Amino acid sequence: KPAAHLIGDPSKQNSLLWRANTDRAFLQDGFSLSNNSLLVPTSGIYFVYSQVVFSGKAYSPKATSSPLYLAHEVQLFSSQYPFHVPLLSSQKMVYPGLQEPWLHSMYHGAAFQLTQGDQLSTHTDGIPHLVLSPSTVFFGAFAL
């Protein structure tokens, strides 16, 4: 019954805000959005997924020295434990070349036993480099 599909808001340049009012994004049967998190409406098994795409282009030799760490991760906040817990994490290290633009994509999804009230959120290392579009940066879940 419950399902949600959200896209990264392309008008926010420095943060990653999820929204459901445009393109093919949606919420149905109880899923909802508070503090940039999806609130699980009922206990059960859910498939949770997310994708991010990053890009860049080192303009100076200083930028070509050290690598870039890119990571995206879906965390859970349940009343069962006082801390945020990672459910899925994807990581990549990028070594920028002088003037050559780089492009990378990361995707992940799995099934979990969630409890009504739990909150699902994402954390990203590399926000300034996201290619924000509805087909590249999204997050969602659906009950099995």
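Numbers follow the displayed sequence, beginning with 1.
Asker: On mean C-alpha B-factor from the PDB entry, just flag whether 108-116 or 81-89 is the higher one.
Answerer: Comparing averages over the C-alpha atoms only gives 81-89.
Asker: When the Cα temperature factors in the entry are averaged, is it 90-98 or 43-51 that ends up higher?
Answerer: Per the PDB record, 90-98.
Asker: Going by the deposited entry, which of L76, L27, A58, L103 has the highest CA temperature factor?
Answerer: Answer for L76, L27, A58, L103: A58, with the highest C-alpha B-factor.
Asker: Highest Cα B-factor in the deposition, which of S133, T124, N14, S121?
Answerer: Checking the PDB record, the top C-alpha B-factor among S133, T124, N14, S121 is at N14.
Asker: Quick check on the deposited entry: does the C-alpha B-factor of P2 sit in the lowest, middle or highest third of its chain?
Answerer: Middle third by C-alpha B-factor.
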